[PDB]
């Protein structure tokens, strides 16, 4: 649903605090997505080792979080901003959009683990809404 001005400044302020750890958030969130929800492993079979902290997991966690960084910068217009990334998920990897929600949940869990003081319920509600907007923007080109 539409992000309010409160949501956008909430997400930006939180991103200002956590963005320095974008690589470690991504690695941990992806590793937890794979292990806790092994349905998602089906998109990663090309990789030897999907275990937490493995080379491919760190490498891909970093890519994903770069996507989230882009989304924060393109927050006023996530549809246009993530159009190319939507295209890629739609037609190359063809990730069932149901997986977007799962990773979003894993990112929130890793943010709460790494930044427990900053991740108040108020931060959480806005970041949750933001990641749902991200997921919707990613789904845009699928059909």
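Positions refer to the first chain, counted from 1.
Checked against the record, the higher mean CA B factor of 118-126 and 19-27 lies with 19-27.
In this entry, the higher average B-factor at the C-alpha atoms falls on 48-56, of the pair 66-74 and 48-56.
Listed residues 92, 32, 41, 101 were ranked by CA B-factor as deposited; 92 comes out on top.
In this PDB entry, the Cα temperature factor of residue 111 sits in the bottom third of its chain's modelled residues, the lowest group.
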